[PDB]
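J.: Here's a structure for you.
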Amino acid sequence: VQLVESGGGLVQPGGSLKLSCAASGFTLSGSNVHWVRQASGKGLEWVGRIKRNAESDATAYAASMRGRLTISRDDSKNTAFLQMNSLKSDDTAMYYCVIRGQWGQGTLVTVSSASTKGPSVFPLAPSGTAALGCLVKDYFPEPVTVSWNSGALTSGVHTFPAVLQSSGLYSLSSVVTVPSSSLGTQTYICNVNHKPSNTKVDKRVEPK
Amino acid sequence: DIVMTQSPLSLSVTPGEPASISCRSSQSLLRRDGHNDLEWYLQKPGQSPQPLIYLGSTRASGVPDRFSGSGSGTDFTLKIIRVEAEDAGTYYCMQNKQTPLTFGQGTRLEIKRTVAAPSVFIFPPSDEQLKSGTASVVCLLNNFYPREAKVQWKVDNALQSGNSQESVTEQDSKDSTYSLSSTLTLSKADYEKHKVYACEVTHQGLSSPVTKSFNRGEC
């Protein structure tokens, strides 16, 4: 029924990461577990798999990752694992757990020698239709999540792809178009979350 | 490895009209049962890929009959009978005959819609950012079509070159438009030295370029 994926994040080049794929409403052992990767703005690449218990937990691994992967299953925890060693910058991608015999939301793996940095959150103050937003500046690595009014404001929201600045730090803007008549009365709060640095910010955006 | 070839790599279809995506396999995917070891996926913006077709022609649960997978052996076709706005994204074919599982390059489906001019908004740096020692000027181009748009920054009529970065959202699943954010970075001392901050926008939906500006400190 549900898939929890973790163990990703920032790792220095030459480092190791152990991805976890926890199943909820079913037994993983009866299913084949695959891992598929996707580098930002690129296609799909199969990484490896582990066949169901009946099929002797048989493992196969992508040649591009040869001798660097170890796929397992902890049946007592109902969880699959992808151990990846000697990671290079080319391994930076979204890694998805794929149940065969559903696709998870994935976990981002960033192979960089840069340090984690929490963002600065600045309001994009308004002034028929008005626009307002939040500028989420100087953070590393990706991702950052942005919601408006704890998820109660979704219409007209545009959260932009982050841009990597010359400093090697990311920056993104999140905006909402709202009725200008609502400006003095309705409260607008952007909810920022940068999990890598444990930076959570609730910023009220006011007209002046 | 089995090589998966997709044709075309991108297309623009208006809602109500059909779309066809071809997939070529390097080796036959035909099974003994008459089916094929070929699947179709859709990846919508910000989402993981979702299954459309399995076994060459079998629809995944909750996929409407608008979508069909056809073909056998090495040649496959994904057809969308009538394209909806929600269909915007990247389509991939995938063989599951053997490991390594292989995918086609991906086909980006653009939903063609009427020309829509952007609504333009300029934002000065916040007081809190200036307090922190930096200055970012943001320019918003909201809900436009087609994707081609040009933004030109001017500071006291000086053309800004190389001190701005931009990012565009992917096609909207409901209204089929794009949005763009452009950020002008300057030092706090350069920001304080100048008065007029203008963002000039060029787009097909605009008969003339639109300028949105502000004067630092209201005047």
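By order of appearance in the structure tokens: chains A, B, ..., then residues from 1 within every chain, and ligands from 1 in the order shown.
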Residues of chain B within 6 Å of chain A, using only C-alpha atoms, as a ChimeraX atom specification?
T.: /B:48,101,105,167,169
J.: Find the residues around residue 15 of chain A up to 8 Å (only C-alpha atoms counted), leave out those fewer than 5 positions away in its own chain, and share them as a list in words.
T.: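 Everything that qualifies: residues 85, 86 and 87 of chain A.
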J.: Would you please extract all helix (DSSP H, G or I) residues from segment 80-146 of chain B, as assigned by DSSP on the backbone, and give them as a PyMOL selection string?
T.: chain B and resi 85-87+127-131
J.: Could you list, as a list in words, every residue within 8 Å of segment 149-165 of chain B, counting only C-alpha atoms and ignoring same-chain residues fewer than 3 positions away?
T.: residues 163 and 165 of chain A; 146, 182, 183, 184, 185, 186, 194, 195, 196, 197, 198, 199, 200, 201, 202, 203 and 204 of chain B
J.: Report, in Å to a single decimal, how far apart atom CA of residue 107 of chain B and atom CA of residue 91 of chain B are.
T.: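 Distance reported for this atom pair: 5.0 Å.
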J.: Neighbours of residue 190 of chain A within 7 Å (only C-alpha atoms; same-chain residues fewer than 3 positions away dropped), as a CSV table (one decimal) with N, CA, C and O atoms, in the first residue's frame?
T.:
```
chain,number,residue,atom,x,y,z
A,134,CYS,N,7.9,34.0,-2.0
A,134,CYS,CA,9.1,33.9,-1.1
A,134,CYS,C,10.3,33.5,-1.9
A,134,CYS,O,10.2,32.7,-2.8
A,146,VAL,N,8.2,23.9,-0.8
A,146,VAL,CA,7.4,25.1,-0.5
A,146,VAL,C,5.9,24.9,-0.6
A,146,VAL,O,5.5,24.4,-1.7
A,147,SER,N,5.1,25.2,0.4
A,147,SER,CA,3.7,25.1,0.4
A,147,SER,C,3.2,26.5,0.8
A,147,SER,O,4.0,27.3,1.4
A,148,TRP,N,1.9,26.8,0.6
A,148,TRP,CA,1.3,28.1,1.0
A,148,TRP,C,0.2,27.8,1.9
A,148,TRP,O,-0.6,26.9,1.6
A,149,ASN,N,0.2,28.5,3.0
A,149,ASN,CA,-0.9,28.5,4.0
A,149,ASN,C,-1.1,27.0,4.6
A,149,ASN,O,-2.3,26.6,4.7
A,202,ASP,N,8.3,29.3,8.6
A,202,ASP,CA,7.0,29.7,8.2
A,202,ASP,C,7.1,31.3,8.1
A,202,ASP,O,7.3,31.9,9.1
A,203,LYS,N,7.1,31.8,6.9
A,203,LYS,CA,7.2,33.2,6.6
A,203,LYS,C,5.9,33.9,6.1
A,203,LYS,O,5.4,33.5,5.1
A,204,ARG,N,5.4,34.8,6.9
A,204,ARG,CA,4.2,35.6,6.6
A,204,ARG,C,4.7,36.7,5.6
A,204,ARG,O,5.7,37.4,5.8
```
